[PDB]
Amino acid sequence: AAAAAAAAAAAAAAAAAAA
Amino acid sequence: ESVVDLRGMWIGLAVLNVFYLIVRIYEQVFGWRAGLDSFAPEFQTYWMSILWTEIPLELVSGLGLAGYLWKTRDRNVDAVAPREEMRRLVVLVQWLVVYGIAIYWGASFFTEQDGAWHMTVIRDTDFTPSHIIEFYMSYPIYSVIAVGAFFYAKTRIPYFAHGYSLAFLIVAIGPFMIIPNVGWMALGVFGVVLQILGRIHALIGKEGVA
Amino acid sequence: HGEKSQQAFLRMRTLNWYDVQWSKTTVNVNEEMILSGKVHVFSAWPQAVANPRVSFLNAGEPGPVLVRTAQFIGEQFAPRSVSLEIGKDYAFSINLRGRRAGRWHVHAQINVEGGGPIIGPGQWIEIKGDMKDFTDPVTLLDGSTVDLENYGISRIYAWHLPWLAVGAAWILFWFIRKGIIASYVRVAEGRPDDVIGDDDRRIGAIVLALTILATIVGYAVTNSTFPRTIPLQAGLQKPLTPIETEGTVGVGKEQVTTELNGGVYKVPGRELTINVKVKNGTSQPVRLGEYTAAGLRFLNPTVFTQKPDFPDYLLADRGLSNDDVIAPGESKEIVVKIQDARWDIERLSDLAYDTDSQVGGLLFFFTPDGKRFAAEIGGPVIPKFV
Amino acid sequence: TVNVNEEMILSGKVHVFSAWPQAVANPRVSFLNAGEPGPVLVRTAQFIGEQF
Amino acid sequence: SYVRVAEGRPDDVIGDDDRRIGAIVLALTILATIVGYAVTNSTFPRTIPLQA
Amino acid sequence: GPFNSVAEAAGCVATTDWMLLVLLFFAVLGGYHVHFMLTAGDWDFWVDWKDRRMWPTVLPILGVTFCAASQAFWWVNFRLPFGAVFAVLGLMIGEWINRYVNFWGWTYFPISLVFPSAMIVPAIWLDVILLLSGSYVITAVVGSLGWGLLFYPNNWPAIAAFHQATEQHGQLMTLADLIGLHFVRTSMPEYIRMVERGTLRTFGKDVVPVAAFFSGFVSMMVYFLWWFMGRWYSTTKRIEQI
Amino acid sequence: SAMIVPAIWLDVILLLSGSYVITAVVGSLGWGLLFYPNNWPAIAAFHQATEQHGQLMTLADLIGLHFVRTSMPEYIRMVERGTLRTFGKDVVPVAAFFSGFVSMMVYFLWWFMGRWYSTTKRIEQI
Amino acid sequence: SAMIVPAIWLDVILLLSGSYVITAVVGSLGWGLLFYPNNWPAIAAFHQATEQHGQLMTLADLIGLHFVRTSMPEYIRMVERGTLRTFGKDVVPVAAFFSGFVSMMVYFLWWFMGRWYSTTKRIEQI
Ligand code: CUA
Ligand SMILES: [Zn+2]
Ligand SMILES: [Zn+2]
Ligand SMILES: [Zn+2]
């Protein structure tokens with residue numbers, strides 16, 4: 001439904017908090 | 001120290017592969033009874049919601065990633081110890097593997113996927129589920145990741161700093177020249193890996209060991 | 001679905017669909033229905049669309065939810081492309097077979113060569129059952145029967161997967177027997193030759209010789225199964241037979257004729273008003289019963305007192321009117337008022353966005369008894385804003 | 001049978017088939033001829049349609 | 001300017017505030033374009049494509 | 001080295017080796033596939049497009065492109081004799097994953113309708129001709145002639161089942177024609193095809209053999225060009241200005 | 001045709017980022033996009049409708065018909081005539097996008113031509 | 001086709017001005033212009049008129065019809081068949097001038113081709 005900005009916002013952020 | 005890490009890679013790989021798997025499951029389910037008629041309200045809530053959302057998200061992620069790699073650039077790059085250079089370029093090779101996978105999903109999976117969908121609908125719109133995923137998600141993602149690999153190399157490895165690798169240029173910019181309807185391709189990864197090898201070769205004079 | 005977004009004038013001035021019916025609107029997996037109808041090829045065929053000299057009948061549907069078992073047009077089995085003559089009428093029918101459970105919008109559809117898809121009316125077909133139960137089947141010349149759903153597929157895998165595997169083994173072999181970096185270095189340093197030299201070449205020569213052998217064997221074996229084969233059958237079919245009954249635009253002693261004499265459509269967006277110069281043609285008083293455009297039907301409730309089996313969507317019960325039996329041999333000019341939401345909804349109102357502001361379609365005139373007599377209407381119409 | 005310099009007429013009729021195949025362009029633009037191995041006989045005139 | 005570029009680096013030719021002027025000039029340009037576009041839809045609010 | 005031991009040196013070489021093989025495989029796959037898909041189409045997508053003249057012509061010719069560039073990269077810089085098979089396998093994998101997961105898994109077209117062209121065999125000929133004579137010139141000629149010739153016969157085993165004949169309503173069809181008619185595609189009218197339809201200038205009986213030879217001879221040129229393309233894509237140049 | 005506006009976007013994109021590569025991409029995509037809207041103010045008066053002898057025409061069509069040119073048959077034109085493969089309503093936007101994308105390639109090539117026309121080489125033989 | 005005459009023009013324009021550039025222009029223009037005239041003496045006899053069953057023909061056409069070729073239908077030809085855009089009387093002169101001008105380009109290109117075919121380079125790898 002909003003696995004738009006969901007799995008995508010979450011895929012981008014689990015990355016940035018691994019820097 | 002360990003010159004080889006790889007954690008970052010597996011993170012980028014798992015995160016990227018499960019994401020596209022979710023996207024594939026999502027389109028198997030909402031492809032039918034959501035995606036067949038672009039005039040229906042369901043199309044807004046299930047498909048255009050992705051589109052309107054992903055473009056700004058990818059654009060911010062792209063400028064945000066570059067900007068970060070530049071702010072955190074090695075201002076003292078010419079001073080890098082042979083060992084740390086070896087590490088930094090194992091990290092470049094990491095980035096390039098993630099980019100390898102991104103390219104597969106973007107240019108093989110979802111591109112040929114659009115092939116079958118063209119035989120399923122007669123198209124209400126330029127924005128079919130196929131296109132939303134392929135052109136507006138799948139491609140920008142690897143475009144972003146490519147720009148990151150380039151920026152990482154420009155900011156961490158003396159060689160990729162002061163210069164612009166012509167091959168690496170073609171790699172970062174080539175995507176912004178993908179357009180369909182209605183040979184000059186990216187494959188310059190060739191030059192990029194040769195430059196890396198050019199560099200690994202030089203980081204050892206006593207190489208009778210190989 | 002989607003035809004709503006094609007240009008109105010093209011939809012109106014190419015194929016004029018009528019008598020389209022769907023036989024069953026509910027089928028189990030494996031159960032047949034016929035989608036049938038008739039099509040009149042508009043006589044002022046638009047420049048934008050290549051000649052319908054090269055065309056293909058089809059079932060407009062989301063993928064193979066029903067399998068097409070046969071289809072006909074002209075008076076001809078038509079698995080290949082056909083010629084439609086400008087200004088003539090064709091009967092068609094498609095035999096469809098339930099494959100995937102669901103609810104599906106299935107249209108009559110014809111594609112023209114330098115043209116694109118033209119989409120006729122569609123109806124919701126419910127298919128129930130389990131796709132696992134789907135069968136064809138199909139009779140070979142040699143007398144056997146195959147299930148096309150599964151036929152030949154294992155044999156494809158049996159050939160494709162081993163080669164995909166032999167492919168991988170050839171890569172892994174070389175990669176592992178003296179590798180990437182170790183080889184980059186060697187070449188870049190002194191010569192290779194420490195990389196490749198017989199027996200490396202010998203392996204290769206061997207591998208190639210087995211490859212060619214496997215190719216020869218596979219080829220000869222597949223000629224032993226399957227010893228008589230034909231090439232794909234392709235090409236345009238012999239000219240089609242138009243509808244001669246009875247009738248029926250531009251056929252027989254008894255005709256109706258309709259010249260369009262200017263018209264007005266409000267933007268936006270629900271009404272079309274047209275002046276028609278009618279000539280009767282026939283030997284019976286006729287009343288105007290119907291206007292059809294892009295699959296759409298605009299009925300006169302004076303003539304269609306009540307009230308046909310036809311899709312939603314689609315069927316409009318206001319194409320009034322003026323009741324006055326047009327007399328035999330008479331020649332009269334009548335004001336027709338097309339009003340319905342379906343004009344806006346199927347986006348015929350978006351005619352003001354086209355490069356040719358012009359209507360097309362058929363008018364149906366009825367006798368006091370049964371007989372329907374058909375005339376083509378078409379020509380310039382002017383938009384009236386707000 | 002003919003001596004050098006002696007004429008003969010080769011004549012006949014042709015019906016163009018109504019289901020003309022797609023593989024072959026339209027016979028709108030065509031040429032009559034004597035199939036023969038080079039000019040063993042010289043063509044002196046030909047007619048078709050009702051026309052030189 | 002030829003001399004400057006040819007000699008050392010430019011930068012004595014272009015550097016913010018030169019870029020600023022440009023960013024301003026662009027922003028006014030796009031505004032004038034958006035305005036003229038909107039104003040012309042106010043006059044002439046219903047229009048048709050070339051009939052062909 | 002810049003290594004703490006010989007163990008760390010060996011461990012590094014082996015695992016950078018994997019990473020490079022995996023990034024290069026998927027990098028080449030991407031390029032090859034998009035290119036091929038956009039050109040060779042179409043013939044690769046559909047069983048009723050796999051005719052005697054067009055398919056065994058366009059396919060080897062458009063398919064040799066990335067094999068030559070891949071050989072140009074792998075042979076010139078490493079003497080690894082798998083440039084063609086590397087490319088070709090990638091294409092197959094990219095293709096087959098899609099046909100199964102999508103053409104079938106998403107849109108329910110049976111695999112007999114959508115299976116890809118067989119290419120490993122000619123790819124092998126191509127790779128070992130380069131291995132036996134470290135010459136791209138000999139390969140460009142004889143290698144890529146064998147590439148052409150081998151195309152059809154290596155497809156035959158997968159294709160022939162569908163060239164069995166059926167009678168449908170008084171008219172001959174192949175099973176391939178039938179699979180095309182049955183499993184309805186929305187935008188595949190019989191006529192957009194581009195398959196052999198006959199000519200008055202065919203004598204024999206010889207349709208596949210001449211297509212095979214034609215493809216061999218044309219591929220030579222394409223091979224030549226694309227070798228050098230592989231060379232130019234291999235460039236290690238830096239440029240200074242952007 | 002109106003062109004200063006897209007030329008300005010092109011010029012300042014190069015000003016702000018001394019990159020021809022960035023300009024080639026975004027500079028020339030703006031070029032594309034900006035074309036039609038910068039033309040609209042000059043063009044729109046003539047896209048008013050008129051009914052001539054039962055038939056719809058733009059004022060532009062009418063200026064064409066009225067002011068007779070000897071060698072300008074309506075048909076030589078090469079203007080949109082409709083297609084069954086248009087959906088929408090979207091004709092000007094996809095034209096704009098298309099122009100922007102294709103201009104990138106053109107811009108790349110023509111930058112290098114500018115470089116080659118810029119050449120200071122002497123050649124010794126003619 | 002008769003070609004020695006223009007070939008001579010070409011050679012001595014190069015001789016008089018050891019410039020391929022002056023040749024590529026004025027040399028190859030002469031190459032063009034000269035073609036037709038130098039063929040005219042071999043050609044003209046066949047352009048005398050005959051009447052054959054009510055219809056005009058040149059001798060050329062007639063030698064064509066007479067001496068039967070199995071695959072030379074009159075339509076495969078590619079000869080001048082008339083146009084509405086011809087004014088005069090000027091058919092040959094413009095074709096001559098056209099061939100002069102276009103040959104210049106072809107001459108420039110092929111000169112350099114000659115240079116590259118003249119290469120004395122060795123390559124080391126095959
Ligand atoms: Cu509209 Cu089905
Ligand atoms: Zn430095
Ligand atoms: Zn698409
Ligand atoms: Zn089954």
# chains A, B, ... in the order shown; residues from 1 in each chain; ligands from 1
call {"tool": "residues_near_ligand", "arguments": {"ligand": "ligand 1", "cutoff": "6 Å", "atoms": "only C-alpha atoms and all ligand atoms", "output": "PyMOL selection string"}}
result
chain C and resi 1-2+105-107+122
call {"tool": "residues_around", "arguments": {"residues": "residue 27 (chain D)", "least_positions_apart": "6", "cutoff": "12 Å", "atoms": "only C-alpha atoms", "output": "number ranges by chain"}}
result
D: 15-18, 20-21
call {"tool": "residues_near_ligand", "arguments": {"ligand": "ligand 4", "cutoff": "7 Å", "atoms": "only C-alpha atoms and all ligand atoms", "output": "PyMOL selection string"}}
result
chain C and resi 132-135+149-150
call {"tool": "write_last_selection", "arguments": {"atoms": "N, CA, C and O atoms", "output": "compact mmCIF listing (two decimals), in the first residue's frame"}}
result
# COMPACT_ATOMS: atom_id res chain seq x y z
N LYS C 132 -4.61 -25.46 -12.46
CA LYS C 132 -4.01 -26.79 -12.47
C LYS C 132 -4.79 -27.81 -13.30
O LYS C 132 -4.20 -28.76 -13.82
N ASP C 133 -6.11 -27.59 -13.43
CA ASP C 133 -6.98 -28.50 -14.19
C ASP C 133 -7.06 -28.24 -15.68
O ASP C 133 -7.59 -29.06 -16.41
N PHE C 134 -6.54 -27.09 -16.11
CA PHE C 134 -6.53 -26.73 -17.54
C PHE C 134 -5.76 -27.70 -18.46
O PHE C 134 -4.63 -28.11 -18.19
N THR C 135 -6.43 -28.04 -19.55
CA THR C 135 -5.93 -28.89 -20.59
C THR C 135 -6.27 -28.18 -21.89
O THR C 135 -7.19 -27.36 -21.92
N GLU C 149 -0.62 -27.14 -23.16
CA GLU C 149 -0.26 -26.46 -21.95
C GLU C 149 1.13 -26.89 -21.45
O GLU C 149 1.91 -26.05 -20.97
N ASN C 150 1.43 -28.19 -21.55
CA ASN C 150 2.70 -28.73 -21.05
C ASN C 150 3.65 -29.23 -22.15
O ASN C 150 4.87 -29.34 -21.93
call {"tool": "select_by_dssp", "arguments": {"residues": "chain H", "states": "strand (DSSP E or B)", "output": "number ranges by chain"}}
result
H: 49-52, 55-58
call {"tool": "residues_around", "arguments": {"residues": "residue 8 (chain A)", "least_positions_apart": "2", "cutoff": "12 Å", "atoms": "only C-alpha atoms", "output": "ChimeraX atom specification"}}
result
/A:2-6,10-15 /B:15-20,22-23,50-51,53-58,61,137-138,141
call {"tool": "write_last_selection", "arguments": {"atoms": "N, CA and C atoms", "output": "short mmCIF file (atom, residue, chain, number, x, y, z; two decimals), in the first residue's frame"}}
result
data_model
loop_
_atom_site.label_atom_id
_atom_site.label_comp_id
_atom_site.auth_asym_id
_atom_site.auth_seq_id
_atom_site.Cartn_x
_atom_site.Cartn_y
_atom_site.Cartn_z
N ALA A 2 1.74 1.32 1.03
CA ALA A 2 2.78 2.32 1.14
C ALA A 2 4.10 1.60 1.52
N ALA A 3 4.29 0.37 1.02
CA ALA A 3 5.63 -0.23 0.83
C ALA A 3 6.42 0.51 -0.33
N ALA A 4 5.83 1.64 -0.74
CA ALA A 4 6.51 2.74 -1.46
C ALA A 4 7.62 3.28 -0.58
N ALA A 5 7.31 4.36 0.13
CA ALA A 5 8.18 4.84 1.20
C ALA A 5 7.99 3.94 2.42
N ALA A 6 8.41 2.68 2.29
CA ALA A 6 8.44 1.81 3.45
C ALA A 6 9.72 1.00 3.36
N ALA A 10 13.20 2.36 4.49
CA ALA A 10 13.92 1.40 5.36
C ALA A 10 15.17 0.76 4.76
N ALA A 11 15.17 0.49 3.44
CA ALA A 11 16.40 0.04 2.75
C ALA A 11 17.46 1.16 2.69
N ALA A 12 17.04 2.40 2.45
CA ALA A 12 17.99 3.51 2.45
C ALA A 12 18.56 3.76 3.84
N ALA A 13 17.75 3.61 4.90
CA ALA A 13 18.19 3.96 6.27
C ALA A 13 19.01 2.88 6.98
N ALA A 14 18.67 1.61 6.84
CA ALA A 14 19.54 0.56 7.41
C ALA A 14 20.98 0.68 6.83
N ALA A 15 21.08 1.29 5.64
CA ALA A 15 22.36 1.56 4.97
C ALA A 15 23.10 2.74 5.59
N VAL B 15 20.01 -6.33 1.88
CA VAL B 15 19.06 -5.21 1.82
C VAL B 15 18.50 -5.01 0.39
N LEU B 16 19.38 -5.04 -0.61
CA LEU B 16 18.98 -4.84 -2.01
C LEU B 16 18.19 -5.99 -2.61
N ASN B 17 18.67 -7.22 -2.42
CA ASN B 17 17.92 -8.39 -2.87
C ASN B 17 16.59 -8.66 -2.20
N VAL B 18 16.46 -8.45 -0.88
CA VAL B 18 15.14 -8.67 -0.25
C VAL B 18 14.16 -7.58 -0.67
N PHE B 19 14.70 -6.39 -0.93
CA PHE B 19 13.85 -5.29 -1.35
C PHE B 19 13.17 -5.60 -2.69
N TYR B 20 13.96 -5.96 -3.70
CA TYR B 20 13.43 -6.35 -5.01
C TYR B 20 12.53 -7.58 -4.97
N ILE B 22 10.56 -8.26 -2.40
CA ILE B 22 9.32 -7.61 -1.94
C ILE B 22 8.61 -6.93 -3.10
N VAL B 23 9.36 -6.16 -3.89
CA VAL B 23 8.82 -5.54 -5.11
C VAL B 23 8.23 -6.55 -6.10
N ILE B 50 3.59 4.54 -5.23
CA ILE B 50 5.00 4.23 -5.48
C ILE B 50 5.71 5.32 -6.30
N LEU B 51 5.19 5.61 -7.48
CA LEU B 51 5.84 6.56 -8.39
C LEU B 51 6.10 7.95 -7.78
N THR B 53 6.28 8.74 -4.91
CA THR B 53 7.09 8.59 -3.73
C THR B 53 8.56 8.31 -4.06
N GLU B 54 8.81 7.37 -4.97
CA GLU B 54 10.18 6.90 -5.22
C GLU B 54 11.12 7.91 -5.88
N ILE B 55 10.61 8.69 -6.84
CA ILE B 55 11.42 9.71 -7.51
C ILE B 55 12.11 10.67 -6.53
N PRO B 56 11.35 11.37 -5.64
CA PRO B 56 12.04 12.25 -4.66
C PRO B 56 12.96 11.50 -3.70
N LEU B 57 12.53 10.32 -3.26
CA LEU B 57 13.35 9.44 -2.42
C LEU B 57 14.67 9.06 -3.06
N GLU B 58 14.64 8.68 -4.33
CA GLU B 58 15.87 8.35 -5.07
C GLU B 58 16.72 9.60 -5.30
N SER B 61 18.33 10.56 -1.93
CA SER B 61 19.31 9.52 -1.66
C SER B 61 20.56 9.67 -2.51
N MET B 137 12.21 3.22 -10.75
CA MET B 137 12.84 2.68 -9.54
C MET B 137 14.15 1.94 -9.79
N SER B 138 14.02 0.82 -10.48
CA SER B 138 15.08 -0.12 -10.76
C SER B 138 16.31 0.54 -11.37
N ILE B 141 17.98 3.38 -9.06
CA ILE B 141 18.69 2.77 -7.96
C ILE B 141 20.13 2.49 -8.34
#
call {"tool": "closest_residue", "arguments": {"among": "B:82, B:205, B:158, B:174", "to": "chain C", "atoms": "only C-alpha atoms"}}
result
B:205
call {"tool": "select_by_dssp", "arguments": {"residues": "region 157-242 of chain F", "states": "alpha helix (DSSP H)", "output": "PyMOL selection string"}}
result
chain F and resi 157-159+175-182+207-233
call {"tool": "residues_near_ligand", "arguments": {"ligand": "ligand 3", "cutoff": "10 Å", "atoms": "only C-alpha atoms and all ligand atoms", "output": "VMD selection string"}}
result
chain B and resid 111 to 118 123 126 to 132 134 to 135 180 to 182
call {"tool": "residues_near_ligand", "arguments": {"ligand": "ligand 2", "cutoff": "7 Å", "atoms": "only C-alpha atoms and all ligand atoms", "output": "ChimeraX atom specification"}}
result
/B:77-78,158,161-162
call {"tool": "write_last_selection", "arguments": {"atoms": "C-alpha atoms", "output": "compact mmCIF listing (two decimals), in the first residue's frame"}}
result
# COMPACT_ATOMS: atom_id res chain seq x y z
CA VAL B 77 44.73 11.20 0.21
CA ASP B 78 48.28 11.26 -1.24
CA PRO B 158 44.73 8.50 -5.02
CA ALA B 161 41.23 11.52 -7.24
CA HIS B 162 42.87 14.14 -9.58
call {"tool": "residues_around", "arguments": {"residues": "residue 34 (chain B)", "least_positions_apart": "6", "cutoff": "8 Å", "atoms": "only C-alpha atoms", "output": "VMD selection string"}}
result
chain B and resid 40 42 to 43 46 to 47
call {"tool": "write_last_selection", "arguments": {"atoms": "N, CA and C atoms", "output": "PDB file, in the first residue's frame"}}
result
ATOM      1  N   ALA B  40      -8.811   3.388 -12.808  1.00  0.00           N
ATOM      2  CA  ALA B  40      -9.380   2.975 -11.526  1.00  0.00           C
ATOM      3  C   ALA B  40      -8.675   3.697 -10.405  1.00  0.00           C
ATOM      4  N   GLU B  42      -7.787   2.284  -7.610  1.00  0.00           N
ATOM      5  CA  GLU B  42      -6.818   1.348  -7.091  1.00  0.00           C
ATOM      6  C   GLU B  42      -5.439   1.629  -7.644  1.00  0.00           C
ATOM      7  N   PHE B  43      -5.404   2.107  -8.884  1.00  0.00           N
ATOM      8  CA  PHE B  43      -4.159   2.466  -9.555  1.00  0.00           C
ATOM      9  C   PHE B  43      -3.449   3.581  -8.824  1.00  0.00           C
ATOM     10  N   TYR B  46      -2.242   2.034  -5.204  1.00  0.00           N
ATOM     11  CA  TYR B  46      -1.230   0.963  -5.244  1.00  0.00           C
ATOM     12  C   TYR B  46      -0.052   1.161  -6.177  1.00  0.00           C
ATOM     13  N   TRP B  47      -0.216   1.991  -7.212  1.00  0.00           N
ATOM     14  CA  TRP B  47       0.842   2.151  -8.211  1.00  0.00           C
ATOM     15  C   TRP B  47       1.411   3.549  -8.313  1.00  0.00           C
TER      16      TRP B  47
END
call {"tool": "closest_residue", "arguments": {"among": "C:385, C:157, C:343, C:92", "to": "chain E", "atoms": "only C-alpha atoms"}}
result
C:385
call {"tool": "residues_around", "arguments": {"residues": "residue 111 (chain F)", "least_positions_apart": "3", "cutoff": "12 Å", "atoms": "only C-alpha atoms", "output": "number ranges by chain"}}
result
C: 148-157; F: 45-47, 95-105, 107-108, 114-116, 158, 176, 179-180, 183
call {"tool": "interface_residues", "arguments": {"of": "chain E", "to": "chain G", "cutoff": "7 Å", "atoms": "only C-alpha atoms", "output": "mmCIF file with C-alpha atoms, in the first residue's frame"}}
result
data_model
loop_
_atom_site.group_PDB
_atom_site.id
_atom_site.type_symbol
_atom_site.label_atom_id
_atom_site.label_comp_id
_atom_site.auth_asym_id
_atom_site.auth_seq_id
_atom_site.Cartn_x
_atom_site.Cartn_y
_atom_site.Cartn_z
ATOM 1 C CA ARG E 19 27.567 32.476 -10.291
ATOM 2 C CA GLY E 22 23.568 33.793 -12.931
ATOM 3 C CA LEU E 26 17.931 32.054 -14.160
ATOM 4 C CA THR E 33 8.276 32.124 -18.223
ATOM 5 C CA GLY E 36 3.762 34.672 -19.254
ATOM 6 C CA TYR E 37 2.483 31.060 -19.518
ATOM 7 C CA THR E 40 -1.615 33.567 -21.641
ATOM 8 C CA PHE E 44 -7.251 32.353 -24.431
ATOM 9 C CA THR E 47 -7.612 26.348 -27.509
ATOM 10 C CA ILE E 48 -7.392 23.574 -30.080
ATOM 11 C CA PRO E 49 -4.565 21.843 -31.950
ATOM 12 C CA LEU E 50 -3.910 22.462 -35.684
ATOM 13 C CA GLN E 51 -6.550 20.714 -37.710
ATOM 14 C CA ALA E 52 -4.864 18.331 -40.166
#
call {"tool": "interface_residues", "arguments": {"of": "chain B", "to": "chain F", "cutoff": "8 Å", "atoms": "only C-alpha atoms", "output": "PyMOL selection string"}}
result
chain B and resi 3-4+28+82-83+86+90+93-94+96-101+103-104+106-109+111-113+115-122+162-167+183+185-195+203-204+206
call {"tool": "interface_residues", "arguments": {"of": "chain C", "to": "chain D", "cutoff": "12 Å", "atoms": "only C-alpha atoms", "output": "mmCIF file with N, CA and C atoms, in the first residue's frame"}}
result
data_model
loop_
_atom_site.group_PDB
_atom_site.id
_atom_site.type_symbol
_atom_site.label_atom_id
_atom_site.label_comp_id
_atom_site.auth_asym_id
_atom_site.auth_seq_id
_atom_site.Cartn_x
_atom_site.Cartn_y
_atom_site.Cartn_z
ATOM 1 N N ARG C 53 -5.958 -3.258 -45.135
ATOM 2 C CA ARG C 53 -5.610 -4.290 -46.101
ATOM 3 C C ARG C 53 -4.860 -5.425 -45.382
ATOM 4 N N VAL C 54 -4.230 -5.082 -44.256
ATOM 5 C CA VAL C 54 -3.419 -6.021 -43.465
ATOM 6 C C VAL C 54 -3.833 -5.912 -41.981
ATOM 7 N N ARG C 80 -4.082 -16.279 -39.198
ATOM 8 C CA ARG C 80 -3.112 -15.327 -39.785
ATOM 9 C C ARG C 80 -3.811 -14.050 -40.128
ATOM 10 N N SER C 81 -3.102 -13.085 -40.698
ATOM 11 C CA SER C 81 -3.708 -11.773 -40.931
ATOM 12 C C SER C 81 -4.662 -11.721 -42.133
ATOM 13 N N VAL C 82 -5.619 -10.799 -42.074
ATOM 14 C CA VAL C 82 -6.691 -10.708 -43.061
ATOM 15 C C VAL C 82 -6.811 -9.285 -43.677
ATOM 16 N N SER C 83 -7.521 -9.169 -44.802
ATOM 17 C CA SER C 83 -7.779 -7.885 -45.436
ATOM 18 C C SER C 83 -9.205 -7.462 -45.221
ATOM 19 N N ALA C 234 2.816 -18.899 -42.521
ATOM 20 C CA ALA C 234 2.612 -17.436 -42.420
ATOM 21 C C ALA C 234 2.235 -16.762 -43.722
ATOM 22 N N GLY C 235 1.544 -15.641 -43.579
ATOM 23 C CA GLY C 235 1.140 -14.831 -44.723
ATOM 24 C C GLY C 235 -0.334 -14.525 -44.712
ATOM 25 N N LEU C 236 -0.659 -13.372 -45.278
ATOM 26 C CA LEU C 236 -2.022 -12.919 -45.519
ATOM 27 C C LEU C 236 -2.919 -13.997 -46.135
ATOM 28 N N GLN C 237 -4.176 -14.016 -45.728
ATOM 29 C CA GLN C 237 -5.127 -14.998 -46.255
ATOM 30 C C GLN C 237 -5.896 -14.433 -47.447
ATOM 31 N N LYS C 238 -6.486 -15.329 -48.243
ATOM 32 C CA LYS C 238 -7.348 -14.930 -49.367
ATOM 33 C C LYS C 238 -8.428 -13.915 -48.975
ATOM 34 N N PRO C 239 -8.805 -13.022 -49.893
ATOM 35 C CA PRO C 239 -9.803 -11.996 -49.538
ATOM 36 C C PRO C 239 -11.016 -12.559 -48.819
ATOM 37 N N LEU C 240 -11.568 -11.767 -47.911
ATOM 38 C CA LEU C 240 -12.677 -12.190 -47.046
ATOM 39 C C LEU C 240 -14.046 -12.007 -47.714
#
call {"tool": "residues_around", "arguments": {"residues": "residue 248 (chain C)", "least_positions_apart": "3", "cutoff": "9 Å", "atoms": "only C-alpha atoms", "output": "ChimeraX atom specification"}}
result
/C:89,243-245,251-252,255,372-375
call {"tool": "interface_residues", "arguments": {"of": "chain H", "to": "chain F", "cutoff": "12 Å", "atoms": "only C-alpha atoms", "output": "ChimeraX atom specification"}}
result
/H:71,124-126
